[PDB]
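The chain below stands alone and is given as structure tokens, in the form deposited in one PDB entry.
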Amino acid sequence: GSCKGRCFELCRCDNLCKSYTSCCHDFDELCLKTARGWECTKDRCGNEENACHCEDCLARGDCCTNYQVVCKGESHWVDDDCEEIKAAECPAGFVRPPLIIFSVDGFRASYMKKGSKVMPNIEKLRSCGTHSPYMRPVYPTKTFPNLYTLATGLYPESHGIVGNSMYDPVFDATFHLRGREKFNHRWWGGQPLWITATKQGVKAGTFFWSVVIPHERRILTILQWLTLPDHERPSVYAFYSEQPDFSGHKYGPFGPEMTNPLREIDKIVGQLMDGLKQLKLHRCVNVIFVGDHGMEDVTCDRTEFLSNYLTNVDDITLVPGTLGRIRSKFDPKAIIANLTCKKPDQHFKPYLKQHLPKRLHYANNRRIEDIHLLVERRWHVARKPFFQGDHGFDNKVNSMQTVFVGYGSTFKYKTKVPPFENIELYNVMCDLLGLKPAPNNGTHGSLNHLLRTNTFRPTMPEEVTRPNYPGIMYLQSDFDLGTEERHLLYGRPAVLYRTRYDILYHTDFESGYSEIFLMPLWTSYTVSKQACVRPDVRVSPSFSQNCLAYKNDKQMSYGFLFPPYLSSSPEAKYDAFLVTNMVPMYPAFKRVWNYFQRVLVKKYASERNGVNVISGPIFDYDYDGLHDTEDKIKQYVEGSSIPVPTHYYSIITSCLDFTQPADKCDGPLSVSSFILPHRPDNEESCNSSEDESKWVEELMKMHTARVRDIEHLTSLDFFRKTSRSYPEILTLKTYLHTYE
């Protein structure tokens, strides 16, 4: 067959044809041709063996991108001023502004420091369009998981691409970057953007490009595709390049040999932005410049070897690198424990996947091995005993952060927006295309602030179950054991599921007591900068815990949600000790909870001018990130109907303008939050032998989390009574305090 006239169409001649070993004899010959390169000069401003031409040129659409610069005294896009775009400016027949995605492997957010002397083109877009300081990628910080994330709006665990390599026990087969297995669709869940477009009437350019097609041919092909007639022309495109990833691996992020690759990339953007101008589309198309992950210093010698910890190490399969994954070849607890805290300077930590910090959302897929290692930034982990950079580490590490830039009619003009996570982009790009997004993990409306106009105006979820407000019904003999002004500053959480619960009023605190789970869903109370279990007479004993259960539990103890130690008058403390405030806690936990309630809260209140605290339980025995229903709960207090949480949370809110007391706050809010794993021992904190001042705060930071995360795990809805706009609040709720 032949590719005569078929090159990079939509025996094959399309841009994946190599990747499948199946292009026509003359594909290379007719389609990949390089003579005289890709930049016009005077000498040739007057064939068919060339790569781009300099007169069926603009007409047939294979000019070199510089043509009108070189041959018609037009200024490079780069050289023109920054002109705002009040509305898109498209040729007729363009029913909507096209979207072009310029993605780059391994582009670290700080590379943008390097400046317009190396990356002027890329720098015009940032300066001129919409940008943020950096973008958070997903764990694991590797190419294939983050690209599909970007394409889906989903965490890998949901989309199924949980690593560059993976084994699916139900399929019995392994996925690799090199190989033909990846091509099988069965690996791929969610709905990538190209599929969402197609289902809704919008044609898609190809999102993948074979290795062989040089970067310059990829841009020409995209620009060519924009010249097609109305009913064949796609409205969305992606360019992809494997830079800066490739050279960062060889030279390391802080290599000065990184200037050149950043130069090369900035030239390709230039081609593209020149190329658009040439077609008069440079004020039509929205462009997204976007990375998949950062890059970090990593050298051969900083490799831990499992062989140093384990006896039978030939008994295991390790996915190695900047993360570890272990399973059996053909005792889990003994391997975990054989790797728990054996050196003072150990550069990794083992986890039962369900024990990894929830913000990672990395456990709910059968391709995620129970045994997981978090390697330390700058380190490697191998099985047994060239490059200077790598990545894949925890996605809260600064070296792993990456880039976003929006530039176009729909985007905003010279606007800076706070950093955000790549799971939010899907919704946006759907907005930019008037497409209904498929269900995903982005919170729609969190990134409306990036856009001139918004077709999507978010609304608050309807409350599902209404609260009860009980008064004194019962009398203490009936049992058998053994204010909103001050404590509820953003309205009560809305319960987004079916149960029965009560609101409880007190001098020091308010709560949301569950007659089903026998404990508060939440407990809110406020602490200023300068600052025995008895029955609760409003709750039927049938829906009340008992101390008999606890006395009878060999392991389980109990704690309070609102702390006794922060009481306001000896009178008031009697409330701290109500059965309605009491929850199950392992003593290994209590140390942690106690430090938080009795040291760290008053400290947080000194540092931020008061804080509003809402704490509560979380149950996620299935580790799917969602609030558990009863059937799922696998553990109660001995002989009782009293369920044991998997984690506990707190939400800590104040005033961004810290000159204002957390309760006399008129403006934006400052929020931090955690989800602490509820475990029988403190194996996880290698320094937990010591005073709590030497390891708790470290553990807590590791388990920082977004309020949104808390909402999923609770089906509560927070912050519904403020003076801020709802889209701002979504922002507030998507925010993660990273401590990096």
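The first residue of the sequence shown is number 1, and the count goes up from there. Whichever C-alpha set is largest while still superposing within 1.5 Å between the two forms counts as the rigid core.
- The modelled chain breaks between residue 482 and residue 483, where 10 or more residues of the deposited sequence lack coordinates.
- In terms of unmodelled positions of the deposited sequence, the stretch from residue 531 to residue 532 in this entry skips 10 or more residues.
- Between 471 to 479 and 422 to 430, it is 471 to 479 that carries the larger average Cα temperature factor according to the deposited entry.
- Per the PDB record, of the two stretches 72 to 80 and 366 to 374, 72 to 80 carries the greater mean B-factor over its C-alpha atoms.
- Of the residues listed, 391, 361, 500, 444, the entry assigns the biggest Cα temperature factor to 500.
- Looking at 535, 201, 270, 163, the one whose CA carries the top B-factor in the deposited record is 535.
- For residue 17, the recorded CA temperature factor ranks within the highest third of the chain's modelled residues.
- Sorting the modelled residues of the chain by their CA temperature factor places residue 648 in the lowest third.
- In this PDB entry, the Cα temperature factor of residue 657 sits in the middle third of its chain's modelled residues.
- Sort the modelled residues of the chain by CA B factor and residue 58 lands in the highest third.
- Sorting the modelled residues of the chain by their CA temperature factor places residue 458 in the middle third.
Absent from the display: the form deposited in another entry. The rest refers to it.
- Put simply, after the core is superposed between this form and the one not shown, 116 is the one residue in 116, 557, 398, 507 with a Cα shift of at least 2 angstroms.
- After superposing the rigid core, the C-alpha of residue 700 moves by less than 2 Å between this form and the one not shown.
- Relative to the superposed core, residue 686 undergoes a Cα shift smaller than 2 Å between this form and the one not shown.
- With the core superposed, residue 472 shows a C-alpha displacement below 2 Å between this form and the one not shown.
- In contrast to the form presented, in the other entry the C-alpha positions of residue 246 and residue 115 draw closer by 3 Å or more.
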